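Asker: First the structure, which I've put down as structure tokens, then a few questions once you've had a look.
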Amino acid sequence: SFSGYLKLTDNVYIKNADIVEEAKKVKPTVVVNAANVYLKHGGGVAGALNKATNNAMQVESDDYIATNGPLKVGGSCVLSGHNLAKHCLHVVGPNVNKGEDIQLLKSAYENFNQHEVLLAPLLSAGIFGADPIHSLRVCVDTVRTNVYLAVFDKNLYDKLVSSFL
Ligand SMILES: Cc1ccncc1CO
């Protein structure tokens, strides 16, 4: 199971870890991807998870988009977890670097409530441009299921834990 996590609340846990290495170790039922509406996994967490699947995540995602069209910002879809997890929950948080509504971050986290346990990154953090402290607050105040957050950056992990209210 998940090991080395710091408990923040009844259901939210956090660890300074690479989510790809964490997924390969745990093989969780659900790994969350920090997706965009087109499921184009170029960089950030998405680029890293896709590279770990040898691009199989991108091939599956292109077929999904060809059939269904783009996701909504704040929305999600369940696809295969490939070699990382049973499933990948592709969740689109708002990208503030694309001028998207930060208010959609709560809607994005609501997708996590459809899964009893998830391994996830902080939505809209990193290259999505939102304040990770704000993302963690929205996570704890929105997600009711068991979420194990992997924060890649050690300095950011320390700042998140030390400032957690
Ligand atoms: C977690 C992560 C995010 C972006 N790039 C690389 C990594 C490591 O796999």
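The authors' numbering puts the first residue of the sequence shown at 5, with every later residue one more than the last.
By construction, the Cβ of each residue, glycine as well, lies at the ideal position given by its N, Cα and C atoms.
1) When DSSP labels each residue in this structure, what does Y152 get in the three-state scheme?
2) Assuming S80 and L88 are in contact, meaning their beta carbons sit under 8 Å apart, how far apart are those beta carbons, in whole angstroms?
3) Can you grab the Cα-Cα spacing for the pair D145 / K76, in whole Å?
4) If you follow the alpha helix (DSSP H) that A52 is in, where does it begin and where does it stop?
5) Could you tell me whether the Cβ atoms of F168 and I23 are closer together than 8 Å?
6) Could you check if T57 is buried or exposed, using at least 16 other CB atoms within 10 Å of its CB as the buried criterion?
7) Please confirm whether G133 and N159 have their CB atoms less than 8 Å apart.
8) For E26, collect the residues of the same chain with a Cβ closer than 7 Å to its Cβ; drop the 5 residues on either side in sequence, then sort them by chain order.
9) CB-CB under 8 Å to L53, same chain, minus the five flanking residues each way: which ones, in chain order?
10) Name the DSSP beta bridge partners of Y17, please?
11) Within the stretch 31-112, note down every full beta strand (DSSP E) run reaching 3 residues or more, in order along the chain.
12) Would a C-beta distance cut-off of 8 Å place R148 and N15 closer than the cut-off?
Answerer: Checking against the coordinates, here is how it stands:
1) DSSP places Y152 in the strand class (E or B) of the three-state scheme.
2) Contact doesn't hold; Cβ gap of about 17 Å is too wide.
3) 22 Å
4) 48-56
5) no
6) buried
7) no
8) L123, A154
9) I23, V24, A27, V35, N37, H45, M61, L88, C92
10) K11, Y152
11) 34-38, 80-84, 91-95
12) yes
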